[PDB]
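Just the one chain here, laid out as structure tokens, in the form deposited in one PDB entry.
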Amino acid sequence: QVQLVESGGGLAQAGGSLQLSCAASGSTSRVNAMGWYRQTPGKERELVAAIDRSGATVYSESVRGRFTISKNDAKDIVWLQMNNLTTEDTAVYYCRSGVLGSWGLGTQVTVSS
């Protein structure tokens, strides 16, 4: 069992930045991938960014060059650096591993302008 804890979020303006963290606990050596997902009302949970153990990453085209996913190997934390924020980034953000299934509670992000 691996436990994931989302922290961060907030209310931002178009152009500002937020930093979300995802802290893993438990049998983290069986985790080879970590991803951030987001959801909006009426729409479906969609991928934002993913990172694997070697540090390679993929990004949704809507957040490429604005969002950055990174990891702290010593603290078992995956960060979502949300820069250059737009109103489209308003969503509840969720952390998940490569094993499909149990989500954390997520955290909320609102971007106004």
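Note that the rigid core is defined as the largest set of C-alphas that superpose within 1.5 Å between two forms. All residue numbers refer to positions in the sequence shown, first residue = 1.
Keep in mind that the form deposited in another entry is missing from the display, and what follows is about it.
Undergrad: Taking the rigid core as the reference frame, tell me whether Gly104 has a CA displacement of 2 angstroms or more between the shown form and the other one.
TA: True for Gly104: a C-alpha shift of 2 Å or more.
Undergrad: Closer or farther: how do the Cα atoms of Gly101 and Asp52 compare in the other form versus the shown form, where the change is at least 3 Å?
TA: Note: Cα gap between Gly101 and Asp52 shrinks in the other form.
Undergrad: Shorter or longer C-alpha distance for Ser54 and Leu105 in the other form, given it differs from this form by 3 Å or more?
TA: Closer together, which means the C-alphas of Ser54 and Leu105 are at least 3 Å nearer in the other form.
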